[PDB]
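S.K.: Could you have a look at this structure, given as structure tokens, before my questions?
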Amino acid sequence: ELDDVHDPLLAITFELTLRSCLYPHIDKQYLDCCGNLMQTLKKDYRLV
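See below:
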């Protein structure tokens, strides 16, 4: 998944600024996951 994105990142300052573009992709996954889990706890076994 991510490796299958990081090799097209090679396909198209080198490994300094370009390397700091790799880190958003694993962040974008994480905000997808954490935002989902937060949904299914504040409702469905409501903490709040």
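Positions 637 to 648, 682 to 717 (PDB author numbering) are the ones given, in order, by the sequence shown.
Built from N, CA and C at the ideal position, the CB exists for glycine as well.
Using the Cα positions of residue 647 and residue 702, report the straight-line distance between them to the nearest angstrom.
M.R.: Start at 1 with the first residue of the sequence shown, and residue 647 comes out as number 11. Start at 1 with the first residue of the sequence shown, and residue 702 comes out as number 33. Rounded to the nearest angstrom, the two C-alpha atoms are 28 Å apart.
S.K.: Could you have a look at residue 717 and say whether DSSP puts it in helix, strand or coil?
M.R.: Translated into positions along the sequence shown, residue 717 becomes position 48. Residue 717 sits in coil when the DSSP states are folded into three classes, being neither helix nor strand.
S.K.: When DSSP labels each residue in this structure, what does residue 709 get in the three-state scheme?
M.R.: In the sequence shown, residue 709 corresponds to position 40, counting from 1. Three-state result, residue 709: helix.
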